[PDB]
Each structure stands twice: as structure tokens, then as C-alpha cells.
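Data first, discussion second: the structure below is written as C-alpha cells.
In what follows, every heavy atom counts, from backbone to side chain, and hydrogens, waters and symmetry copies are set aside. Throughout, protein chains are lettered first and strands after them, A, B, ... in sequence-line order, and every chain is numbered starting at 1.
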Amino acid sequence: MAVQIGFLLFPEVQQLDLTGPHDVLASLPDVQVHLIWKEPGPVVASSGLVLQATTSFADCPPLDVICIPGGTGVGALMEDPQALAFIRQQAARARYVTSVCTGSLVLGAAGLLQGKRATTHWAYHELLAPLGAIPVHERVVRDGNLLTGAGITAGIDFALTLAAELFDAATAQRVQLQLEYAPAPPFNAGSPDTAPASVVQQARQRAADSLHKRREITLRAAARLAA
Amino acid sequence: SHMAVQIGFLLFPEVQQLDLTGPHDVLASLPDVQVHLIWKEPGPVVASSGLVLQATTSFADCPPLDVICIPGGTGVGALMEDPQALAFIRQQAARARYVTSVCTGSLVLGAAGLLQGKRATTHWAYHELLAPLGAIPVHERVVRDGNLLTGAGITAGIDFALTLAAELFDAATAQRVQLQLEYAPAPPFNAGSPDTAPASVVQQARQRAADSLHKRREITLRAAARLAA
């Protein structure tokens, strides 16, 4: 009867995609949160922060919510048949199938975005269409029981949105107040629409090699879905 | 590299993990930074939610830090009366470029004597405990006083870390990281501050926190007496 929430915790995850939502959702009543990988034990994030998976695929209970974070490690998962099969298995009955940032590319590689409205990190948004999604430039996108959040820190907005759906608005507001989540960013550079042009150029320049490698992975993953 | 900026977070039992992991992912995005997670010994440390983190160094082996950062959480009350942790904080603060905290981590800085006559903030529900530790309490989300930088409650860590990034590097670098993080927040509700949340929500929360507040007040006044002697 406790709500069972599971995050996929994989090597080279972007940890904040996971730890932001985790601290929001673990604050709710009658929940249990699992960190899932092929085996329990240490998993190292892209920054070198060490996290700890609490369950293997086999011992994971049926999930009410599955959540896929993003990160450098997404590329490997998009061509990992075990991970994709596990995600499909849990998505079949999950009340909600969800992701943050480039985690939606993993959902796409699993076939779960076909015909659905979805978002991802702004720098990788062009990769949603080949995976079958209708790409939407909004920070949290809901299509039926699929909820996708945009890049990294969107996980906090996503998790508060999810909290209200699992419980109600008042419960989500209580958690928002406990987290003192009234952001006041010191700059206005969080979106390519508002950041200075020089900043956008540098961020795009840094992401270019990753984007090219992910363009190639995405087209192989899409071709497998088609065949 | 061996010229890296050395950033250290105190990692303690019953920490509020987001106070640490939010800033960590921001600051680890900067060029040539090394981040340490510091406790009495290396090894696993369990956060208040059950998330397991891993300390990378002991107090004794930690190198001189450029930045020390104290997160908050249920575990702060113990730290405020831990002579070994307070001695480490004071030692590192003697030479750090920036002495910093998030959320109730500032009460630990206060217990260490580092807020006397200094402007500071903390989580909104515990803000009254700043003044007995000698601080000038400021109701702002990120507060600077010289090389001291304190963030307000939990999620303020992200705003704090981008502010610190601009001081360590420059505004252009902090903006790039903000864009890489897609940090253009759009909260689904407006209940992040006691001034904007529904009154019924603020009341419920004060009702919940009252016991912790009375317990932390007594610890706070004991810690203040130790500074006075």
C-alpha cells in the first residue's frame, strides 16, 4: 500500500537529476524509494560522487512510479537490451512512467515515446523526434501517465508536479515550503532564449561532441524500433 | 590537477542530502575543481532520507581547502556540540578563501564562533536561532559578508552555488553552468516561502517544527555559552 517509487541509477548518471527528485519525493508520507541497478552497491556519477543502488532489477518490487534520470551514461543505456527490457517491464503496469533531462532519450530508445508529447534537455531536444515523440518545449510535459522534465534542475519542478498527482496540492505545497523552494537565481541564463548570445555559443560548443555521438546512437536505436 | 581549487563539504549522519548534492553538481561543473566529502573517517554516511553517501576523506587527511561548505539537516544539532568537528571547521576557516553553508549549516558555523557580528541567513523556520550565536539575521536567500556566504533553506543551495561560482571564476562561467543546468525554474505552486504559501500551510509547518525548534534552542544557548567562556 505504500507508494513504490523507483529511480534507475546507472554509471555516469548526472546525480542532481536523481537526488533533487529523491529528496522531494522521499519527504512524502507512505512512500518507499528504490535506487535500481543491475546489482546493489556503489554506482559512480559523472562528477565522481558515489551513490548506492539499493536493489537489483530482480528484487525491485512492482513500481507505482519509475523515473529515469539523465547524464553522460544515457548513451550506453540506449543500446543496453537488459536495461530497456527492465524499463518496459516496469512501465507496463506503473501508474506513472517518468524521466528527467536526457532520461527521456532512454524512454525513447525503449519505444515508450512513440506518438507522445515529451521534452528533454534543451541541447538535445532535436533527438526526440527520431525516437517518435512529439517534441514540446516546456519544462514539464504530461501525456497521459507519462511525465517528462527538461534539463537537469527541472527535476525539482517535475517532482513537485508529480507529488501533487500522487497526493494533492496541499501536500505538494507543504513539501515546497519545507524545501524553501522559492528560487532566486543570480543570473537569467537558464534557457537559451534568455541567456547572452556568447553564453549560448559556449554551451553549444561544449555539447557538440556529445550531441554528435548521441545523434548516431539515436538513429541506431530508432532503426531497431522500426525493424 | 594539482593546481585545482579544493572544495570541501562536511558530510555527517542525518544530513539533508540536497543541501550537499545540489551545490556539488554545480561546483563540480567548474574547471579544475576537486571536491572532498569530509567526515571523521572515509566511508558510508546515511542522509536523513536514507540515501547513502560516501565520505572521501577524514578530518586529519583533508588538504587545506579553498572553500569549506557546511550543509544542514536533522544531524546539525549533534554537530553544534561536537568539539572535533568544530575544531576542524575553525582550522579550515582560518585560511579558506570562502567559508560557506546552506540551510541549517549556518547554525554549525555559529556554534564554531564564525558568525559573530556577521550577516547570515538559514532556513526560514530556524532563522530566530541566528541572533544568539552573534549573527546579524538577514531574510535573503543568499547572504554575503566578506568571505562568508550563507544560503537559506534546502533548495537555496543551487542559488548559493551559482553565486559562489561567479566569485571563484566570473559571471560568464557561472552563466554557462546555469545554462548547462537549464536552471530557469518554474515551480508548479507558489508555496516556497512563508510569505507566499497559504496560511494553513505555514501553520501546519510551524506545528510540525515546534519540537525541533525548542530542542535546537537549548542546544543553541549551550553553544553560545561556550563561546562566551
Side-chain angles (χ1 to χ4, degrees), chain A residues 14-16 19-20 22-24 26-27 33 35 42 45 47-52 54 101 121-123 139-140 150-154 156-157 160-161 164 169-170 172-174 176-196 198-200 202-203 206-207, chain B residues 16-18 21-22 24-26 28-29 35 37 44 47 49-54 56 103 123-125 140-142 152-156 158-159 162-163 166 171-172 174-176 178-198 200-202 204-205 208:
Chain A
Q14 184 79 60
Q15 60 88 0
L16 188 48
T19 60
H22 188 286
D23 233 6
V24 184
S27 298
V33 186
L35 303 176
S47 63
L49 187 77
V50 180
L51 296 174
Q52 176 93 1
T54 62
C101 195
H121 191 280
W122 67 269
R139 188 176 183 71
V140 179
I152 308 179
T153 60
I156 302 167
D157 293 331
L160 285 169
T161 300
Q173 287 171 318
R174 173 166 70 78
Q176 189 182 12
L177 183 58
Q178 293 170 346
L179 269 50
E180 204 169 341
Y181 184 55
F187 306 99
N188 194 27
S191 162
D193 296 8
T194 63
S198 61
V199 174
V200 176
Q202 294 179 300
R206 287 182 177 253
Chain B
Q16 186 76 58
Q17 59 90 358
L18 190 52
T21 62
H24 190 291
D25 234 4
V26 174
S29 297
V35 187
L37 301 181
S49 65
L51 188 84
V52 179
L53 296 171
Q54 174 86 3
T56 62
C103 196
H123 192 282
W124 67 265
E140 295 171 17
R141 189 162 179 84
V142 182
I154 311 182
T155 58
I158 302 171
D159 292 330
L162 289 165
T163 303
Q175 288 174 301
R176 170 175 61 81
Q178 187 187 8
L179 184 55
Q180 291 179 159
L181 294 163
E182 202 165 348
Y183 186 55
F189 303 100
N190 192 30
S193 137
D195 294 317
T196 64
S200 51
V201 173
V202 182
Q204 275 278 107
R208 280 182 185 253

Residue pair [X] / [Y]: nearest heavy atoms and the distance that separates them:
X       : Y       : answer
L160(A) : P188(B) : CB-CG, 3.6 Å
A186(B) : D157(A) : N-OD2, 2.9 Å
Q178(B) : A189(A) : OE1-N, 3.0 Å
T21(B)  : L16(A)  : O-CD1, 4.5 Å

For the interface with chain B, which of [options] has the highest count of heavy-atom pairs at distances below 4.5 Å?
options                  : result
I152(A), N188(A), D23(A) : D23(A)
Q52(A), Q15(A), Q178(A)  : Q15(A)
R174(A), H121(A), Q14(A) : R174(A)

Quick one: does [X]'s side chain get under 4.5 Å of [Y]'s, heavy atoms only?
X       : Y       : answer
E182(B) : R139(A) : yes
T155(B) : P183(A) : no
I158(B) : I156(A) : yes

Against chain A, label [X] side chain, backbone, both or neither, depending on which of its atoms sit under 4.5 Å from a heavy atom there.
X       : result
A47(B)  : neither
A184(B) : both
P44(B)  : neither
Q204(B) : neither
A205(B) : side chain

(request) Select one option (side chain, backbone, both, neither) describing which atoms of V200(A) are under 4.5 Å from chain B's heavy atoms. (result) both

For chain A, which of [options] has the most heavy-atom pairs under 4.5 Å?
options                         : result
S193(B), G192(B), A152(B)       : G192(B)
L37(B), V26(B), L51(B), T196(B) : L51(B)
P187(B), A197(B), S200(B)       : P187(B)

